Amino acid sequence: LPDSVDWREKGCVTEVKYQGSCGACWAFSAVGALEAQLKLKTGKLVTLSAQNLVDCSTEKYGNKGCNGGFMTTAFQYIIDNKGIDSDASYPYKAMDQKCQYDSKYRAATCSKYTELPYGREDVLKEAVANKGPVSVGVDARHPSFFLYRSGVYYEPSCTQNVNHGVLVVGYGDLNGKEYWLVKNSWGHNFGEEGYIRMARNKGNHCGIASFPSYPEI
Ligand SMILES: *[C@H](CS(=O)(=O)c1ccccc1)[C@H](CCc1ccccc1)NC(=O)[C@H](CC(C)C)NC(=O)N1CCOCC1
């Protein structure tokens, strides 16, 4: 495996989105993972509709729109629905709306999704290097995360109880310190232009490898 990978370098990552006051973190983490698979399979990069998931992947999938959801069951909705629209045709409103999915604007499909072994950062590493960006959950309930500016994030108060859905788009080291490159969904003004580098190999820090999954077209 390479010492480091950054999928943004291979044009597999779209621009950082801003969720607003709607807890759709799980939806953004999900489309972000599918967006990279789309590029790898069709050579094209298009941001997919997080609003589609918030409005359509609901109760049946155990999701609650602006009140929370799961990346795994969001993938399941795309597989069931036979597709998901592009962001351009189905824009983000940061609100719970009626499902207005239109197959005419389908921008991608999903055939399956894989769930990785609990707490195994070594397996997450292989997946990120060989498959693509992986959707993960992390404990982001500490002011230090909200206030993150740069560097490798390590919060001694972090726990395994995850509550935020984000996307791991790479890994590497910063003058030797190992980290996971994570795409957040709180706009460009959060952390490093929207990303945060979290501690890697420090005992499943903040639950980073607790609930990981990735889709496949
Ligand atoms: C996204 C996380 S967030 O809102 O960006 C955030 C902000 C600040 C600090 C930490 C996280 C959502 C929030 C859902 C929510 C929770 C409580 C009140 C209102 C909204 N988180 C989720 O969707 C998580 C993601 C998983 C990876 C854990 N799931 C989730 O909250 N639920 C599962 C489905 O039932 C409802 C709760």
Side-chain angles (χ1 to χ4, degrees), residues 14-35 48-78 80 84 92-97 99 110 113-121 124 127-128 133-149 153-169 180 182-199 204-215:
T14 66
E15 294 189 61
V16 167
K17 307 307 193 307
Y18 177 66
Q19 68 181 67
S21 64
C22 165
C25 60
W26 59 277
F28 284 104
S29 164
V31 294
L34 189 56
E35 294 173 345
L48 302 170
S49 179
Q51 196 66 49
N52 192 164
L53 297 175
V54 167
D55 306 334
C56 318
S57 185
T58 64
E59 164 58 22
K60 172 159 193 295
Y61 300 88
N63 296 321
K64 293 185 182 188
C66 291
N67 290 318
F70 306 105
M71 292 79 78
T72 52
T73 67
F75 296 148
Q76 195 55 258
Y77 158 78
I78 304 172
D80 290 346
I84 185 178
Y92 186 63
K93 294 290 191 170
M95 293 174 239
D96 291 295
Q97 297 176 320
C99 176
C110 181
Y113 65 92
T114 311
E115 301 190 53
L116 306 191
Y118 185 103
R120 301 297 294 278
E121 291 184 71
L124 182 56
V128 173
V134 179
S135 291
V136 293
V138 302
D139 179 5
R141 274 175 196 166
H142 310 92
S144 56
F145 183 96
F146 175 85
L147 303 167
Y148 174 81
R149 323 178 79 156
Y153 179 79
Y154 177 78
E155 170 46 65
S157 287
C158 244
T159 71
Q160 237 87 303
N161 314 310
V162 300
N163 47 57
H164 184 33
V166 292
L167 185 66
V168 177
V169 298
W180 291 104
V182 173
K183 188 185 185 185
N184 195 14
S185 60
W186 296 354
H188 261 134
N189 298 319
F190 164 81
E192 302 185 336
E193 296 200 309
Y195 296 72
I196 177 178
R197 297 201 257 242
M198 297 184 75
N204 196 29
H205 188 65
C206 302
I208 184 81
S210 289
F211 183 46
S213 62
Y214 64 88

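Start at 1 and go down the list; that is how both ligands and their atoms are numbered. Below, each value reflects all heavy atoms present in this structure, side chains not excepted, and no hydrogens, waters or symmetry copies. Starting from 1, each residue takes its place in the sequence as its number.
For ligand 1 and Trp26, the ligand atoms under 4.0 Å from any heavy atom of the residue are 23 (O).
The distance criterion of under 3.5 Å between nitrogen or oxygen atoms is met by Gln19 with respect to ligand 1. For a threshold of 3.5 Å applied to N or O pairs, the pair formed by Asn67 and ligand 1 contains no separation below that value. Checked against a 3.5 angstrom limit, the closest N/O atoms of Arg141 and ligand 1 fall outside it.
Each of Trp180, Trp186, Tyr148 was checked for a side chain to side chain contact (heavy atoms under 4.5 Å, CB included) with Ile196, and the lone residue meeting it is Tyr148.
Atom CD1 of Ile78 sits about 7.5 Å away from atom CG of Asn52, to the nearest 0.5 Å. Rounding to the nearest 0.5 Å gives a distance of 5.5 Å between OG of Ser213 and CE of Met71.
Distances from atom 29 (N) of ligand 1 to the heavy atoms of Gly68, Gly20, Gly69 put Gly69 nearest.
Within a 4.0 Å radius of atom 9 (C) of ligand 1, the protein contributes one or more non-hydrogen atoms. Of the protein's heavy atoms, none falls inside 4.0 Å of atom 17 (C) of ligand 1.
Classification of the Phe75-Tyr113 ring pair by plane angle, with boundaries at 30° and 60°, yields tilted. Using bins of under 30°, 30° to 60° and over 60° for the plane-to-plane angle, the ring pair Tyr153/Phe145 lands in the perpendicular bin.
Residues passing the side-chain contact (heavy atoms from CB on, under 4.5 Å) test with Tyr118, sequence neighbours excluded: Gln160, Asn204, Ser210. In terms of the disulfide bond (SG atoms under 2.5 Å apart) criterion, residue partners of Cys56 (sequence neighbours excluded) are, by chain and number, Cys99.
Surrounding OH of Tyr18 are at most 12 heavy atoms belonging to other residues, nucleotides or ligands under 6.0 Å away.
Nearest approach of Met95 to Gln51, heavy atoms of both residues: O-NE2, 2.7 Å.
In terms of protein heavy-atom proximity, atom 13 (C) of ligand 1 is nearest to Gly23 O, 3.8 Å. Taking atom 22 (C) of ligand 1 as the reference point, the nearest protein heavy-atom neighbour is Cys25 SG, 3.5 Å. Nearest protein heavy-atom contact of atom 6 (C) of ligand 1 is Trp186 CZ2, 3.9 Å.
Heavy atoms from both the backbone and the side chain of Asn163 come within less than 4.0 Å of ligand 1. With a heavy-atom cut-off of 4.0 Å, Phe70 touches ligand 1 through its side chain alone.
Within the structure, the closest approach of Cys66 to ligand 1 falls below 4.0 Å when heavy atoms are considered.
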